[PDB]
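Colleague: You'll find run-v7.cif just under this line, and it carries mmCIF, C-alpha atoms and all ligand atoms.
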```cif
data_run
loop_
_atom_site.label_atom_id
_atom_site.label_comp_id
_atom_site.auth_asym_id
_atom_site.auth_seq_id
_atom_site.Cartn_x
_atom_site.Cartn_y
_atom_site.Cartn_z
CA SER A 1 28.18 17.39 7.51
CA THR A 2 26.47 14.92 5.20
CA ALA A 3 24.52 17.20 2.85
CA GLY A 4 25.97 17.55 -0.63
CA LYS A 5 28.11 14.41 -0.63
CA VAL A 6 27.62 10.67 -1.10
CA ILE A 7 26.35 8.71 1.89
CA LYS A 8 27.62 5.19 2.58
CA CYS A 9 24.98 3.02 4.22
CA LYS A 10 23.32 -0.35 4.25
CA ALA A 11 20.30 -1.18 2.13
CA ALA A 12 18.31 -4.28 1.27
CA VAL A 13 19.32 -5.21 -2.26
CA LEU A 14 17.59 -7.75 -4.51
CA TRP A 15 20.19 -8.80 -7.10
CA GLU A 16 18.03 -11.44 -8.79
CA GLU A 17 14.50 -12.83 -8.78
CA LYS A 18 13.42 -15.40 -6.20
CA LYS A 19 16.47 -14.60 -4.10
CA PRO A 20 16.55 -13.36 -0.50
CA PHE A 21 17.34 -9.72 0.11
CA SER A 22 21.05 -9.12 0.53
CA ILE A 23 22.15 -6.51 3.06
CA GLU A 24 24.71 -4.51 1.08
CA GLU A 25 26.83 -1.43 1.72
CA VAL A 26 25.51 1.05 -0.81
CA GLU A 27 26.43 4.58 -1.84
CA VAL A 28 23.45 6.92 -1.91
CA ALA A 29 24.19 9.91 -4.13
CA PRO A 30 23.23 13.44 -3.05
CA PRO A 31 19.90 14.88 -4.21
CA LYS A 32 19.95 16.70 -7.52
CA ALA A 33 17.47 19.52 -8.25
CA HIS A 34 13.95 18.86 -6.96
CA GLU A 35 15.07 15.70 -5.17
CA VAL A 36 14.94 14.84 -1.48
CA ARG A 37 17.27 12.57 0.50
CA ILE A 38 15.55 10.73 3.36
CA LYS A 39 16.94 8.94 6.39
CA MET A 40 14.58 6.01 6.81
CA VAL A 41 13.17 5.46 10.26
CA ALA A 42 10.55 2.78 9.69
CA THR A 43 9.40 0.83 6.68
CA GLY A 44 6.62 -1.69 6.31
CA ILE A 45 6.64 -5.00 4.47
CA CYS A 46 3.88 -5.01 1.85
CA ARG A 47 2.81 -7.86 -0.43
CA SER A 48 3.77 -5.80 -3.48
CA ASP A 49 7.38 -5.88 -2.31
CA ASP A 50 7.21 -9.68 -2.26
CA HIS A 51 5.80 -9.45 -5.79
CA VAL A 52 9.10 -7.93 -6.86
CA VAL A 53 10.96 -10.85 -5.27
CA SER A 54 8.92 -13.50 -7.06
CA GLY A 55 9.14 -11.75 -10.44
CA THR A 56 5.38 -11.31 -10.33
CA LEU A 57 5.77 -7.51 -10.39
CA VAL A 58 8.15 -6.88 -13.25
CA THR A 59 10.57 -4.05 -12.46
CA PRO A 60 14.31 -3.61 -13.28
CA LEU A 61 16.86 -5.60 -11.24
CA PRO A 62 18.94 -5.37 -9.21
CA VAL A 63 16.64 -3.11 -7.19
CA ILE A 64 16.16 -1.69 -3.71
CA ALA A 65 12.52 -2.32 -2.96
CA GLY A 66 10.20 -0.82 -0.35
CA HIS A 67 7.43 1.74 -0.81
CA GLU A 68 5.75 1.88 2.56
CA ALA A 69 7.82 3.95 4.94
CA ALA A 70 8.62 7.12 6.86
CA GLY A 71 11.81 8.89 7.89
CA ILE A 72 13.65 12.18 8.23
CA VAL A 73 14.81 14.45 5.40
CA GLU A 74 18.59 14.70 5.70
CA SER A 75 18.92 17.16 2.82
CA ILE A 76 17.20 18.60 -0.26
CA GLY A 77 18.27 19.50 -3.78
CA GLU A 78 18.08 22.93 -5.39
CA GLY A 79 14.49 23.95 -5.94
CA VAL A 80 12.84 21.68 -3.38
CA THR A 81 10.23 23.86 -1.72
CA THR A 82 7.78 21.42 -0.06
CA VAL A 83 10.07 19.87 2.56
CA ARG A 84 13.13 20.88 4.62
CA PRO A 85 15.91 19.00 6.49
CA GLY A 86 14.64 17.59 9.79
CA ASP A 87 11.07 17.16 8.55
CA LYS A 88 9.32 13.89 9.25
CA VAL A 89 8.34 12.56 5.81
CA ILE A 90 6.46 9.71 4.15
CA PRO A 91 7.49 8.84 0.55
CA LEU A 92 4.73 8.42 -2.05
CA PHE A 93 4.81 5.36 -4.33
CA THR A 94 2.08 7.11 -6.34
CA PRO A 95 3.28 10.68 -7.22
CA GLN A 96 1.37 13.94 -7.25
CA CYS A 97 3.12 16.11 -9.82
CA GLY A 98 0.03 18.33 -9.72
CA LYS A 99 0.50 18.99 -13.45
CA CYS A 100 -0.78 16.05 -15.52
CA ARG A 101 -4.42 15.55 -16.53
CA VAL A 102 -4.85 13.11 -13.66
CA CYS A 103 -3.45 15.27 -10.89
CA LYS A 104 -5.70 18.03 -12.24
CA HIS A 105 -8.75 15.74 -12.45
CA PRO A 106 -10.82 15.73 -9.20
CA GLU A 107 -11.40 11.97 -9.38
CA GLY A 108 -7.97 10.73 -10.38
CA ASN A 109 -4.87 10.11 -8.28
CA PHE A 110 -2.82 7.70 -10.41
CA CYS A 111 -0.43 10.51 -11.45
CA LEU A 112 0.97 10.01 -14.95
CA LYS A 113 4.45 10.54 -13.55
CA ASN A 114 4.22 7.10 -11.88
CA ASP A 115 6.67 4.26 -12.40
CA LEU A 116 4.05 1.54 -11.93
CA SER A 117 2.72 1.29 -15.47
CA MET A 118 5.98 1.02 -17.43
CA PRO A 119 8.68 0.51 -14.75
CA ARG A 120 11.97 2.29 -15.39
CA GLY A 121 13.30 1.76 -11.89
CA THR A 122 14.90 5.19 -11.74
CA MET A 123 14.52 8.76 -10.52
CA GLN A 124 12.40 11.06 -12.71
CA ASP A 125 15.42 12.11 -14.78
CA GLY A 126 16.00 8.49 -15.76
CA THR A 127 19.08 7.91 -13.60
CA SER A 128 19.79 6.22 -10.29
CA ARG A 129 21.18 7.55 -6.99
CA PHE A 130 22.12 4.02 -5.97
CA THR A 131 25.41 2.16 -6.38
CA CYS A 132 26.66 -1.02 -4.73
CA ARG A 133 30.38 -1.57 -5.39
CA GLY A 134 30.26 0.95 -8.23
CA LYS A 135 27.48 -1.11 -9.81
CA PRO A 136 24.17 0.75 -10.36
CA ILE A 137 21.08 -0.22 -8.36
CA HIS A 138 17.54 0.46 -9.56
CA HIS A 139 14.94 2.48 -7.69
CA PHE A 140 11.51 1.05 -6.87
CA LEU A 141 8.42 3.13 -7.61
CA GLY A 142 10.52 6.23 -7.00
CA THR A 143 10.71 5.40 -3.28
CA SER A 144 13.04 2.45 -2.54
CA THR A 145 12.42 2.48 1.18
CA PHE A 146 14.49 -0.64 1.91
CA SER A 147 17.54 1.47 2.63
CA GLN A 148 18.85 3.52 5.56
CA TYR A 149 18.90 6.48 3.17
CA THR A 150 16.98 6.95 -0.09
CA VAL A 151 16.57 9.77 -2.64
CA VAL A 152 13.15 10.59 -4.13
CA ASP A 153 11.79 13.26 -6.50
CA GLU A 154 9.89 16.09 -4.77
CA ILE A 155 6.55 14.88 -6.20
CA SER A 156 7.13 11.60 -4.35
CA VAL A 157 7.31 12.83 -0.76
CA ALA A 158 5.04 14.58 1.69
CA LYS A 159 5.91 16.50 4.85
CA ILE A 160 3.93 15.21 7.82
CA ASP A 161 3.35 16.05 11.51
CA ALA A 162 6.69 16.76 13.17
CA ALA A 163 5.46 14.86 16.25
CA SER A 164 4.16 11.67 14.60
CA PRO A 165 5.37 8.14 15.49
CA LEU A 166 7.19 7.12 12.30
CA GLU A 167 7.14 3.48 13.46
CA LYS A 168 3.37 3.70 13.09
CA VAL A 169 2.51 6.42 10.57
CA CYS A 170 4.56 4.60 7.93
CA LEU A 171 1.45 2.50 7.16
CA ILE A 172 -0.03 5.67 5.66
CA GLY A 173 2.56 5.20 2.93
CA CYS A 174 0.48 2.32 1.60
CA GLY A 175 -1.23 -0.40 3.66
CA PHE A 176 -3.63 1.68 5.73
CA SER A 177 -4.25 4.43 3.16
CA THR A 178 -5.11 1.83 0.55
CA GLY A 179 -7.73 -0.04 2.55
CA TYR A 180 -9.10 2.94 4.42
CA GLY A 181 -9.31 5.02 1.26
CA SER A 182 -11.07 2.26 -0.66
CA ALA A 183 -13.97 2.61 1.76
CA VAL A 184 -13.87 6.31 2.53
CA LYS A 185 -12.71 7.84 -0.76
CA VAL A 186 -13.25 5.24 -3.49
CA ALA A 187 -16.43 3.44 -2.47
CA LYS A 188 -17.67 6.43 -0.42
CA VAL A 189 -19.46 4.17 2.06
CA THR A 190 -22.62 5.71 3.54
CA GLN A 191 -24.09 5.65 7.04
CA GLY A 192 -26.24 2.72 8.14
CA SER A 193 -24.99 0.79 5.12
CA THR A 194 -23.98 -2.87 5.02
CA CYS A 195 -20.47 -3.63 3.74
CA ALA A 196 -18.75 -6.89 2.90
CA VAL A 197 -14.98 -7.09 3.03
CA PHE A 198 -13.22 -10.02 1.39
CA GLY A 199 -9.86 -10.67 2.93
CA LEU A 200 -9.02 -9.74 6.50
CA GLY A 201 -5.32 -8.99 6.13
CA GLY A 202 -3.78 -5.60 6.84
CA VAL A 203 -5.55 -3.93 3.95
CA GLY A 204 -8.87 -5.61 4.69
CA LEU A 205 -8.67 -4.33 8.26
CA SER A 206 -8.07 -0.83 6.88
CA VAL A 207 -11.17 -1.12 4.69
CA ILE A 208 -13.19 -2.27 7.72
CA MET A 209 -11.83 0.74 9.62
CA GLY A 210 -12.95 2.95 6.72
CA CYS A 211 -16.44 1.49 6.78
CA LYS A 212 -16.66 1.99 10.56
CA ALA A 213 -15.48 5.58 10.14
CA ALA A 214 -18.13 6.11 7.43
CA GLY A 215 -20.80 4.85 9.81
CA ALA A 216 -21.66 1.52 8.21
CA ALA A 217 -24.24 -0.38 10.21
CA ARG A 218 -22.93 -3.80 9.16
CA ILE A 219 -19.40 -4.81 8.28
CA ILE A 220 -19.33 -8.42 7.19
CA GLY A 221 -15.78 -9.76 7.23
CA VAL A 222 -15.08 -12.66 4.87
CA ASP A 223 -12.01 -14.93 5.00
CA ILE A 224 -11.27 -18.68 5.13
CA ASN A 225 -8.83 -18.26 8.01
CA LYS A 226 -10.82 -18.03 11.26
CA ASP A 227 -7.76 -16.62 13.04
CA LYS A 228 -8.37 -13.27 11.33
CA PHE A 229 -11.86 -12.76 12.78
CA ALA A 230 -10.95 -11.46 16.24
CA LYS A 231 -8.77 -8.67 14.88
CA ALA A 232 -11.55 -8.01 12.38
CA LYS A 233 -14.34 -7.54 14.90
CA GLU A 234 -11.91 -5.60 17.02
CA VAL A 235 -11.51 -3.08 14.18
CA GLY A 236 -15.16 -2.81 13.26
CA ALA A 237 -16.36 -6.09 11.79
CA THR A 238 -19.93 -6.71 12.94
CA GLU A 239 -19.77 -10.29 11.63
CA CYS A 240 -17.31 -12.71 10.08
CA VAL A 241 -17.99 -15.40 7.51
CA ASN A 242 -15.70 -18.32 6.66
CA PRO A 243 -16.75 -19.63 3.20
CA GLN A 244 -15.49 -23.09 4.14
CA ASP A 245 -18.24 -23.42 6.74
CA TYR A 246 -20.87 -23.15 4.03
CA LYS A 247 -22.20 -25.60 1.44
CA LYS A 248 -23.93 -22.91 -0.61
CA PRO A 249 -21.86 -20.37 -2.65
CA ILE A 250 -20.58 -17.39 -0.71
CA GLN A 251 -22.43 -14.65 -2.66
CA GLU A 252 -25.65 -16.54 -2.02
CA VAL A 253 -24.87 -16.49 1.73
CA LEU A 254 -23.94 -12.81 1.57
CA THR A 255 -26.98 -11.95 -0.55
CA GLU A 256 -29.42 -13.65 1.82
CA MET A 257 -27.67 -12.20 4.88
CA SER A 258 -28.02 -8.69 3.49
CA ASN A 259 -31.61 -9.44 2.51
CA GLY A 260 -30.92 -8.87 -1.18
CA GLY A 261 -27.27 -7.87 -1.50
CA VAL A 262 -24.81 -5.57 0.28
CA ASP A 263 -24.25 -1.87 -0.33
CA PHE A 264 -20.49 -1.99 -0.74
CA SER A 265 -18.20 -4.96 -1.24
CA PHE A 266 -14.41 -4.87 -1.37
CA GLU A 267 -12.05 -7.56 -2.61
CA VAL A 268 -8.65 -7.20 -0.96
CA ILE A 269 -6.88 -10.54 -1.59
CA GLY A 270 -6.35 -10.09 -5.33
CA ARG A 271 -8.24 -13.24 -6.22
CA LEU A 272 -10.05 -13.35 -9.58
CA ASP A 273 -12.86 -15.53 -8.25
CA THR A 274 -13.66 -13.49 -5.13
CA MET A 275 -13.53 -10.33 -7.27
CA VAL A 276 -16.61 -11.56 -9.13
CA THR A 277 -18.13 -12.85 -5.89
CA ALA A 278 -17.74 -9.48 -4.14
CA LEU A 279 -19.37 -7.75 -7.10
CA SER A 280 -22.29 -10.18 -7.30
CA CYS A 281 -23.00 -10.07 -3.58
CA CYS A 282 -23.81 -6.35 -3.62
CA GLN A 283 -27.39 -5.26 -4.47
CA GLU A 284 -28.12 -5.50 -8.18
CA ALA A 285 -29.62 -2.00 -8.59
CA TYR A 286 -27.27 0.19 -6.58
CA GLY A 287 -24.44 -1.89 -5.18
CA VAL A 288 -20.82 -0.80 -5.45
CA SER A 289 -17.95 -3.27 -5.49
CA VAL A 290 -14.37 -2.09 -5.09
CA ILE A 291 -11.21 -3.72 -6.40
CA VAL A 292 -8.53 -2.89 -3.89
CA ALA A 293 -5.80 -5.19 -5.22
CA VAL A 294 -4.87 -7.33 -8.23
CA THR A 295 -1.85 -9.63 -8.50
CA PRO A 296 0.73 -8.38 -11.14
CA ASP A 297 0.90 -11.79 -12.85
CA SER A 298 -2.04 -10.86 -15.04
CA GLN A 299 -4.84 -13.33 -15.59
CA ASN A 300 -8.32 -12.51 -16.81
CA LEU A 301 -11.44 -12.91 -14.72
CA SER A 302 -14.58 -14.31 -16.32
CA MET A 303 -17.70 -12.31 -15.51
CA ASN A 304 -21.24 -11.77 -16.86
CA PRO A 305 -21.97 -8.09 -17.73
CA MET A 306 -25.55 -8.76 -16.67
CA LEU A 307 -24.16 -8.23 -13.17
CA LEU A 308 -23.56 -4.62 -14.27
CA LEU A 309 -26.60 -3.93 -16.45
CA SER A 310 -28.95 -4.10 -13.46
CA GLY A 311 -27.15 -1.16 -11.85
CA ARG A 312 -24.00 -2.32 -10.02
CA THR A 313 -20.85 -0.20 -10.08
CA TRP A 314 -17.44 -1.81 -10.35
CA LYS A 315 -14.27 0.19 -9.76
CA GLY A 316 -10.80 0.07 -8.30
CA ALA A 317 -7.98 2.39 -7.32
CA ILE A 318 -4.38 2.65 -6.22
CA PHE A 319 -3.42 4.01 -2.82
CA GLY A 320 -7.07 4.21 -1.80
CA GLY A 321 -7.86 6.70 -4.54
CA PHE A 322 -6.06 9.36 -2.55
CA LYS A 323 -4.07 12.16 -4.11
CA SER A 324 -0.84 11.22 -2.32
CA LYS A 325 0.84 14.52 -1.33
CA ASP A 326 -2.44 16.23 -0.44
CA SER A 327 -3.92 13.32 1.48
CA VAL A 328 -0.99 11.78 3.36
CA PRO A 329 -0.36 14.78 5.66
CA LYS A 330 -4.09 15.03 6.48
CA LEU A 331 -4.23 11.30 7.22
CA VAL A 332 -1.31 11.66 9.65
CA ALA A 333 -3.16 14.63 11.12
CA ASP A 334 -6.28 12.50 11.58
CA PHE A 335 -4.08 9.86 13.25
CA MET A 336 -2.53 12.42 15.58
CA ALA A 337 -6.13 13.51 16.27
CA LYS A 338 -6.91 9.95 17.39
CA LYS A 339 -9.50 9.58 14.55
CA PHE A 340 -8.31 5.95 13.99
CA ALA A 341 -5.84 3.37 15.32
CA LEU A 342 -2.81 1.88 13.53
CA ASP A 343 -1.66 -0.46 16.30
CA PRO A 344 -4.26 -3.15 15.54
CA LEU A 345 -2.46 -3.57 12.19
CA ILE A 346 1.13 -3.67 13.50
CA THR A 347 1.64 -7.31 14.47
CA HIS A 348 5.42 -7.69 14.29
CA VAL A 349 8.40 -5.35 14.58
CA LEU A 350 11.89 -6.29 13.44
CA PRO A 351 15.19 -4.50 13.01
CA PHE A 352 15.73 -3.57 9.37
CA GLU A 353 18.58 -6.11 9.07
CA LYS A 354 16.22 -9.04 9.65
CA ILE A 355 14.25 -8.04 6.53
CA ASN A 356 14.26 -11.57 5.07
CA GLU A 357 12.74 -12.88 8.30
CA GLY A 358 10.04 -10.25 7.99
CA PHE A 359 9.28 -11.54 4.51
CA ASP A 360 9.12 -15.11 5.83
CA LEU A 361 6.42 -13.91 8.23
CA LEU A 362 4.58 -12.35 5.29
CA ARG A 363 4.67 -15.45 3.08
CA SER A 364 3.56 -17.61 5.99
CA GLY A 365 0.63 -15.29 6.53
CA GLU A 366 1.17 -15.41 10.30
CA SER A 367 1.70 -11.67 9.92
CA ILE A 368 -0.77 -8.82 9.40
CA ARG A 369 1.99 -6.22 9.10
CA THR A 370 5.68 -6.19 9.89
CA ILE A 371 7.54 -2.94 10.49
CA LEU A 372 11.29 -2.80 10.08
CA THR A 373 12.95 -0.19 12.29
CA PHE A 374 16.31 1.32 11.34
ZN ZN B 1 2.01 -1.61 -0.88
ZN ZN B 2 0.49 14.28 -12.02
#
```
Would you mind writing the file's structure down as structure tokens?
Ligand SMILES: [Zn+2]
Ligand SMILES: [Zn+2]

Modeller:
Amino acid sequence: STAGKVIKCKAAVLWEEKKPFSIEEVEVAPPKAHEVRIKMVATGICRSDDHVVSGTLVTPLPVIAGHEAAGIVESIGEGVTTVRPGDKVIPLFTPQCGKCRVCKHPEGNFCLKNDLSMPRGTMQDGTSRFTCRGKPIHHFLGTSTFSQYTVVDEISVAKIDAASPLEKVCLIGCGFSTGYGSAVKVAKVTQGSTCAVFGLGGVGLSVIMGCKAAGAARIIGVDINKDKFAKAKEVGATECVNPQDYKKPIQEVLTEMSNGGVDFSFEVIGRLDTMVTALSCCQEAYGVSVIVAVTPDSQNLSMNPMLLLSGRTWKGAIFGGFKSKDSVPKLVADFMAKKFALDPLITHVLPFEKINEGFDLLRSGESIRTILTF
């Protein structure tokens, strides 16, 4: 009925930088070999999407953004073997080709087939399945979830539980998985340990949740906005510290509080200064500090390697260090198994068409996470 031919639908198009999203009638081309066409059900608004808008994250324009979502597969191309029409699916902004050195390496997940490093803004074959008035529209990280229908390469989609709430499990496409994974997979937080999370936004809450899952005894939440503390404690935070309430430097406060430094610290804001703070505040001989996010508009941090010589470990990851296709389904499984909540993160729900409004909520910071329903 719809398989095999072009689909006319609405999508959120960004024609230029620092411009609101324009709701356009686009033509989504059918999936070629090893491609999957998805009917979007719910997509989240992540800060990285806003980074496209502000030109911070350089990627080809015009483009259809979005990378945190879920939906239903309407059809598949010839060769697609991992998903079938009707399957609930979550697109992967970080691929899992399962062939490159990385996918084969037990510690890597940043698949070399990604479009993050050197953005092309296309499907794997270098072309686009998007057109708006005959004009071509770029893809975003091989996902482009800001559309009623999108087309992704097979390596960029994972089949999930056929009974999962897409309005909720979409956070596994990025937000939740990133924070949670940073604690559980990346940092590998241990029981009885003390953790310090910098930034209590959606991702910070996910990290906290990861620490709580890992059995941390103390989860010190750090943020200058007191309004984020209740949600924090609610998700696991044992304590909350607002740096503006202190005269002494924050690492000094965190060091003393942890009687010598924390076990694991995570920076989730993307701030160069707090990145060094987080690192310092963890015990000098065996602390681990995790970089969960870094703003695209590159700027170097200034740090003394002496902080590392004593024994500290500094490391970051993308998508919580999870191998996308293998992890996503399991994470949805663990959600369906009540192993963690997603609702504490979902703070606003808007119809897809009010996307701009959702971004206004983001920029104002009065939002933890907005979900656009189609
Ligand atoms: Zn994201
Ligand atoms: Zn790969």

Colleague: So that I can check the surroundings of residue 185 in chain A, please list as a PyMOL selection string every protein, DNA and RNA residue that reaches within 10 Å of it, counting only C-alpha atoms and ignoring chain neighbours fewer than 5 positions away.

Modeller: chain A and resi 107+177-180+210+214+317+320-322

Colleague: Could you pull out every residue with an atom within 9 Å of (-23.5, -7.1, -6.9), file coordinates, counting all atoms listed in the file, and send them as a CSV table (one decimal) with C-alpha atoms, in the coordinates of the input?

Modeller:
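Okay, this is what ended up in selection.csv:
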```
chain,number,residue,atom,x,y,z
A,251,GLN,CA,-22.4,-14.6,-2.7
A,255,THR,CA,-27.0,-12.0,-0.6
A,261,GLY,CA,-27.3,-7.9,-1.5
A,262,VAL,CA,-24.8,-5.6,0.3
A,263,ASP,CA,-24.2,-1.9,-0.3
A,264,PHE,CA,-20.5,-2.0,-0.7
A,265,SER,CA,-18.2,-5.0,-1.2
A,276,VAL,CA,-16.6,-11.6,-9.1
A,277,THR,CA,-18.1,-12.8,-5.9
A,278,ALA,CA,-17.7,-9.5,-4.1
A,279,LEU,CA,-19.4,-7.8,-7.1
A,280,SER,CA,-22.3,-10.2,-7.3
A,281,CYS,CA,-23.0,-10.1,-3.6
A,282,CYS,CA,-23.8,-6.4,-3.6
A,283,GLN,CA,-27.4,-5.3,-4.5
A,284,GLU,CA,-28.1,-5.5,-8.2
A,285,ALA,CA,-29.6,-2.0,-8.6
A,286,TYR,CA,-27.3,0.2,-6.6
A,287,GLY,CA,-24.4,-1.9,-5.2
A,288,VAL,CA,-20.8,-0.8,-5.4
A,289,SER,CA,-18.0,-3.3,-5.5
A,307,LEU,CA,-24.2,-8.2,-13.2
A,308,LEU,CA,-23.6,-4.6,-14.3
A,311,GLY,CA,-27.2,-1.2,-11.8
A,312,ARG,CA,-24.0,-2.3,-10.0
A,313,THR,CA,-20.8,-0.2,-10.1
A,314,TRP,CA,-17.4,-1.8,-10.4
```

Colleague: With all atoms listed in the file as the counted atoms, please give the residues lying no more than 8 Å from range 339-351 of chain A, apart from itself and same-chain residues fewer than 3 positions off, as a count of residues only.

Modeller: 23

Colleague: Kindly work out which residues sit at most 7 Å from ligand ZN 2 (chain B), using all atoms listed in the file, and give the list as a PyMOL selection string.

Modeller: chain A and resi 95-103+111-113

Colleague: At a cut-off of 12 Å and counting all atoms listed in the file, what residues surround ligand ZN 1 (chain B)? Please answer as a ChimeraX atom specification.

Modeller: /A:43-52,57,65-69,91-94,116,140-141,143-145,170-179,202-203,292-295,318-320,369

Colleague: Quote the spacing between CA of residue 86 in chain A and CA of residue 352 in chain A in Å to one decimal place.

Modeller: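 A separation of 21.2 Å between them.
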
Colleague: As an exercise, work out the distance from CA of residue 224 in chain A to CA of residue 238 in chain A in Å and give it to one decimal place.

Modeller: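 Separating CA of residue 224 in chain A from CA of residue 238 in chain A is a distance of 16.7 Å.
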
Colleague: To one decimal in Å, tell me the separation between CA of residue 106 in chain A and CA of residue 323 in chain A.

Modeller: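 CA of residue 323 in chain A lies 9.2 Å from CA of residue 106 in chain A.
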
Colleague: Any chance you could model N, CA and C atoms for range 344-361 of chain A and send them as a short mmCIF file (atom, residue, chain, number, x, y, z; two decimals), in the coordinates of the input?

Modeller:
```cif
data_model
loop_
_atom_site.label_atom_id
_atom_site.label_comp_id
_atom_site.auth_asym_id
_atom_site.auth_seq_id
_atom_site.Cartn_x
_atom_site.Cartn_y
_atom_site.Cartn_z
N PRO A 344 -3.62 -1.86 15.80
CA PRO A 344 -4.26 -3.15 15.54
C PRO A 344 -3.68 -3.85 14.31
N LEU A 345 -3.06 -3.06 13.43
CA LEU A 345 -2.46 -3.57 12.19
C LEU A 345 -1.03 -4.07 12.41
N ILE A 346 -0.26 -3.32 13.20
CA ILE A 346 1.13 -3.67 13.50
C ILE A 346 1.17 -4.92 14.38
N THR A 347 1.61 -6.02 13.79
CA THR A 347 1.64 -7.31 14.47
C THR A 347 3.04 -7.83 14.77
N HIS A 348 4.04 -7.26 14.11
CA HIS A 348 5.42 -7.69 14.29
C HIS A 348 6.35 -6.53 14.00
N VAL A 349 7.42 -6.41 14.78
CA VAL A 349 8.40 -5.35 14.58
C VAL A 349 9.79 -5.95 14.59
N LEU A 350 10.55 -5.73 13.52
CA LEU A 350 11.89 -6.29 13.44
C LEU A 350 12.92 -5.26 13.04
N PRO A 351 14.19 -5.49 13.42
CA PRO A 351 15.19 -4.50 13.01
C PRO A 351 15.34 -4.67 11.50
N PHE A 352 15.57 -3.56 10.81
CA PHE A 352 15.73 -3.57 9.37
C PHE A 352 16.57 -4.73 8.83
N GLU A 353 17.67 -5.04 9.50
CA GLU A 353 18.58 -6.11 9.07
C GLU A 353 17.97 -7.51 8.97
N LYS A 354 16.90 -7.75 9.72
CA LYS A 354 16.22 -9.04 9.65
C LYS A 354 15.07 -8.95 8.64
N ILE A 355 15.28 -8.22 7.55
CA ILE A 355 14.25 -8.04 6.53
C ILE A 355 13.72 -9.37 5.99
N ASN A 356 14.63 -10.25 5.60
CA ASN A 356 14.26 -11.57 5.07
C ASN A 356 13.27 -12.28 5.98
N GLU A 357 13.57 -12.25 7.28
CA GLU A 357 12.74 -12.88 8.30
C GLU A 357 11.35 -12.27 8.27
N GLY A 358 11.31 -10.96 8.07
CA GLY A 358 10.04 -10.25 7.99
C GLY A 358 9.25 -10.72 6.78
N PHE A 359 9.95 -11.05 5.70
CA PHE A 359 9.28 -11.54 4.51
C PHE A 359 8.77 -12.96 4.71
N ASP A 360 9.50 -13.73 5.52
CA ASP A 360 9.12 -15.11 5.83
C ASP A 360 7.80 -15.07 6.57
N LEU A 361 7.64 -14.09 7.45
CA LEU A 361 6.42 -13.91 8.23
C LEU A 361 5.27 -13.56 7.30
#
```
